[PDB]
Structures are given as structure tokens and as C-alpha cells.
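Below you will find one chain, with nothing else, as C-alpha cells; this is the form deposited in one PDB entry, and questions on how it binds or moves follow later.
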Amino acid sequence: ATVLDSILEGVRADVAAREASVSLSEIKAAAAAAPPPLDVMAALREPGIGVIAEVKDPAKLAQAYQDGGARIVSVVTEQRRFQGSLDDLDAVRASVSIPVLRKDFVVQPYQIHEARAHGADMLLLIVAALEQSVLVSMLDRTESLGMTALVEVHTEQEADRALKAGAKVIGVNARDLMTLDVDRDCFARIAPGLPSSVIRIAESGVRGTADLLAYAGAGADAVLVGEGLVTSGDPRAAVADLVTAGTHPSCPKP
């Protein structure tokens, strides 16, 4: 909690600096005027195990992901070149028609309007980073703008908090935020304690199609993959290989 507080101090400092040039009123107006957000719940309910492909030329990479059959593209913030990060989010937004998930350390309302203004349809909320009051506030504001929150948990206790807050989509991240220990069994352990109306996403740790399928077999509606796609020589084919994980070899044609 304390080390994460130090990371969040930097995030909050940068938000405040941005707000000194683009005011809260201005970013609220930009968000209200933006092209409409896509209903990410409907996207996630489409048949088949959804692949959420992460960007972390970004537009070309996102297009390769969409071409390969990705359901959603995730774009991770780079705190060190933030205006460039926003330009890249805009470029990704113009490159694909599928929903865009913005990952950042989202802790203040300004960031929610900012994400919407730049075309995000889905926004990451990290339960380990947010006291319950803040989780509820951020979730409610995200939804009020027509976006969907990916409410990310790593423990059973965090999942319970997410449910109490009103989460509609819960992502179980196999990777610990601080220790970086990847525990693939996290999803299968936590997934049973979720109600049927909640959409379940397994994040991280996918080594190949078998791991994606294992998450799906434990109830994952979609699976988020980063490293194995960003470092692929062929992101389009790599995404297609994940999208077809359970539908190959295809049944023969008479």
C-alpha cells in the first residue's frame, strides 16, 4: 500500500499539472462533446472467448490486433511522455472501430473525463489502489459517461469489495501489482465467488492457446494478453492464433 502511494503521488502530481492548462471544466466539456462511447458489455457478450489485445506505430499495432479478431484493444499510459501518450491514444482511437480500454492509475475524476475525451470506451479501476469510497465514486462517474469500468482484482477480498462497489465487469489479474509474481490460478480461485450477471475477464500470464482456454474453462468471458502480443513479430497472426484457440482444428466440411 505504501509503495503504491508513492507511485500514485506522481500520478496525482501529473494530473494536477495537466489540469493547470486544461481545466476540469474544459475536460468535462471535451468529454461531453466526444464521439459516443461503445457499449463494452455488449462487446464482451458476443459469442466466443474474447481477446483483449494490449498496446504497451501504436495505430498500426492496434489495427493488426483488430485484423486478427481482437474484441477490445487496451492502451497503457506512459507517464513519462504523457502528451505523446494522449496523441497515441487518439491515433489508436482513429485506427480501430472496436472498443478501446484505457489503462492508467485512475484515481481522480479529471482522468475519467480525460479518458472519455480521447475516445476510451472502457477504463481500468484497480481495487488495490482505491479506498472503497474512491472506487465507488470512480465507478459511478465512469458509468455516468457511458463507459464501462474494468474493475481489477488480485485477491478474493478485493473481489468482494468490487462486488460491493457495484462492479459489472471484474478482471482478475494473475500478476501482483507490486511483487510481479504471476499466479495463473488466481482467476480460477476467485471466479467462482462472482454472480452470473458479472462479466469475468482473466488478465495476464497467457503463454499460448492452452492458457487462454484454461481461463475460459474457469468462466472467463474474455482474456487480456500483453507481452506475448507486443513482443510478437506478427501481432495480427498472434491475435488470430488466440482468437481461434478453441475452434481449431475446425470441423471438416462435407
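Note that residue numbering follows the sequence shown and begins at 1. For the two forms, the rigid core is made up of the largest set of C-alpha atoms that agree within 1.5 Å on superposition.
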- Message: Please classify the coordinate gap between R45 and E46 in terms of deposited residues: none, 1 to 3, 4 to 9, or 10 or more.
- Response: none
- Once average C-alpha B-factors are taken from the entry for 111-119 and 155-163, the winner is 155-163
- Higher mean Cα B-factor in the deposited model: 78-86 or 132-140? 78-86
- For the listed residues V22, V11, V230, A237, which one has the largest C-alpha B-factor as given in the deposited model? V230
- Note on the structure: Looking only at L38, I27, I190, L213, the Cα with the top B-factor belongs to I190
- Task: Would you check the entry's CA temperature factor for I170 and let me know if it's in the chain's lowest, middle or highest third?
- Result: middle
- Query: If you rank every modelled residue in this chain by C-alpha B factor, which third holds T209: lowest, middle or highest?
  - Reply: lowest
- Item | Chain thirds of CA B-factor: placement of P58 | highest
- Among all modelled residues of this chain, ranked by Cα B factor, put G69 in the bottom, middle or top third, i.e. lowest, middle or highest. lowest
- Message: Sorting by Cα B-factor within the chain, modelled residues only, which third would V100 end up in: lowest, middle or highest?
- Response: lowest
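As for the form deposited with a small molecule bound, it is not shown, yet the points below apply to it.
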- Which residue among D183, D140, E78, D160 has a heavy atom within 4.5 angstroms of the small molecule in the bound PDB entry? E78
- Among the candidate residues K60, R189, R45, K56, which is the single one with a non-hydrogen atom no more than 4.5 Å from the small molecule in the bound PDB entry? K56
- Would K103 show up as a contact with the small molecule in the bound PDB entry if we use heavy atoms at 4.5 Å? yes
- Item | Interface membership of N173, the small molecule in the bound PDB entry, 4.5 Å heavy atom rule | yes
- Is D121 a contact residue for the small molecule in the bound PDB entry, using a 4.5 Å heavy atom cut-off? no
- Query: Taking the shortest heavy atom distance, is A149 within 4.5 Å of the small molecule in the bound PDB entry?
  - Reply: no
- Message: Please pick out the stretch from 87-95, 109-117, 124-132, 160-168 that is in contact with the small molecule in the bound PDB entry, where contact means heavy atoms within 4.5 Å.
- Response: 124-132
- Query: Given a rigid core superposition of the two forms, which one of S144, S133, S97, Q83 has its CA shift by 2 angstroms or more between the shown form and the other one?
  - Reply: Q83
- Direction of the Cα shift between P35 and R81 in the bound PDB entry, where the change is 3 Å or more: farther
- Task: Kindly indicate if, in the bound PDB entry, the C-alpha atoms of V75 and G84 are closer or farther apart than in the structure shown, bearing in mind the change is 3 Å or more.
- Result: closer
